[PDB]
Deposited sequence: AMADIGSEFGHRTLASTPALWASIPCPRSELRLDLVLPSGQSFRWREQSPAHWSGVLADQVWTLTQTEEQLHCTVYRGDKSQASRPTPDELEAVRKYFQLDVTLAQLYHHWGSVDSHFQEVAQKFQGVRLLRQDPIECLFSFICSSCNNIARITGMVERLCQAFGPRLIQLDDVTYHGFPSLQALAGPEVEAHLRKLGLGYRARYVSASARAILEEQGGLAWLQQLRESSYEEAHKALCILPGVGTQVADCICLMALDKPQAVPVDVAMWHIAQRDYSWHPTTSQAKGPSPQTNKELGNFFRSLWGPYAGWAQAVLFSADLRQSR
């Protein structure tokens, strides 16, 4: 039909492909794993969400990643639009080459990698990434997803509606910095996180120089970027690392959360060697981060994603 979310079978002519073996990408292991919180499997094996300011539905077969876009006459995605998808999934980065390397220097990684191929990093928009992860504080993926959807619904531009779902773009800095935003977000259930969204939005616009200040962090060094980000209210070391890794092109950034701590102890028998505390603390977290970096290398954050995703899936 011409209504509702499309499927590969229902509207054949409206889909376009991008060569992509499942060994290079597994949507089911990437989209709902806590990187981006804006994708939903509206139909089995079909994922819909906003990508580059438009709604898309994605699904894959072996060797093929099928894409369809909802923009005025319905038509298959164009090469340019398709290029946007390629960039979002950073398809130039060869996952098979990275898995090989990680697996050669880390026998445990090699074991896990066998059962969880295709986990890669999405290249996300800084603003959406920053505010989504500010909401990740003491939160679970499902709840975070709820907060984010409600936030975009209330402050983001309306795009299109499919079935009973209305998609919204992520709110702008100006909108998030608006009056009474905190109060409205508190009614949407963000709790104390509402304060940080409002505060960080205003902080960026009225103190750091605006959007430009955030985006240029992509050209800065990880050390630089991570330090700058921690300036913002509600942004600690973990949130800052998520942003560096997922939005600021810092493939060496390694988010250290409770899950990674358990993995370090259980699968590597790791313990702090210079930090005072025995459990998670700013000293030990930093230490654990350096540990994974010295173990996996320049793309340690991407290695972290495979194990984090595999650990979720279990």
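Chemist: Do you know which deposited regions have no coordinates at all?
Modeler: Model skips 1 to 6, 78 to 80, 324 to 325 of the deposited chain.
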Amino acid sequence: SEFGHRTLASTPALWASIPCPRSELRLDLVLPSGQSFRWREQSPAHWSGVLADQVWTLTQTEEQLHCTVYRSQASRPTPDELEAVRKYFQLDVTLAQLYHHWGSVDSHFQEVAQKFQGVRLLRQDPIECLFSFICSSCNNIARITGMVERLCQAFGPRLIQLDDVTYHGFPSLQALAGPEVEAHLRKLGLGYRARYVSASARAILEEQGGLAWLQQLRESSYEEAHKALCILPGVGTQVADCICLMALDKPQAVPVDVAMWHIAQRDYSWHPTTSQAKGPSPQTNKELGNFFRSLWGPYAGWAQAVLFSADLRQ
From here on, numbers count along this sequence of modelled residues.
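Chemist: With respect to the recorded C-alpha B factors, which stretch has the higher mean value, 138 to 146 or 204 to 212?
Modeler: Result: 204 to 212.
Chemist: When the C-alpha temperature factors are averaged for each of 72 to 80 and 92 to 100, which stretch ends up with the higher value in the entry?
Modeler: Per the PDB entry, the higher value belongs to 72 to 80.
Chemist: Based on the PDB record, which member of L122, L190, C230, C129 exhibits the highest Cα temperature factor?
Modeler: Reading the PDB entry, the winner on C-alpha B-factor is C230.
Chemist: Per the PDB entry, which option out of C152, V85, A177, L162 has the greatest Cα B factor?
Modeler: Max CA B-factor in the entry, restricted to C152, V85, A177, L162: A177.
Chemist: Report the third (lowest, middle or highest) to which the CA temperature factor of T166 belongs, ranking only the modelled residues of the same chain.
Modeler: Ranked within chain, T166 CA B lands in the lowest tercile.
Chemist: Just say lowest, middle or highest third for the CA B-factor of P21 relative to the other modelled residues in its chain.
Modeler: Answer is highest: the recorded C-alpha B-factor places it there.
Chemist: Can you tell me which third, lowest, middle or highest, the CA B-factor of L295 falls into for its chain?
Modeler: Middle third, going by the recorded CA B-factors of the chain.
Chemist: Which third of the chain holds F133 when residues are ordered by C-alpha B factor: lowest, middle or highest?
Modeler: Lowest third of the chain for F133's C-alpha B-factor.
Chemist: Test of reading the entry: by CA B factor among the chain's modelled residues, which third contains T57?
Modeler: Its C-alpha B-factor, which the entry lists for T57, ranks in the lowest third among residues of this chain.
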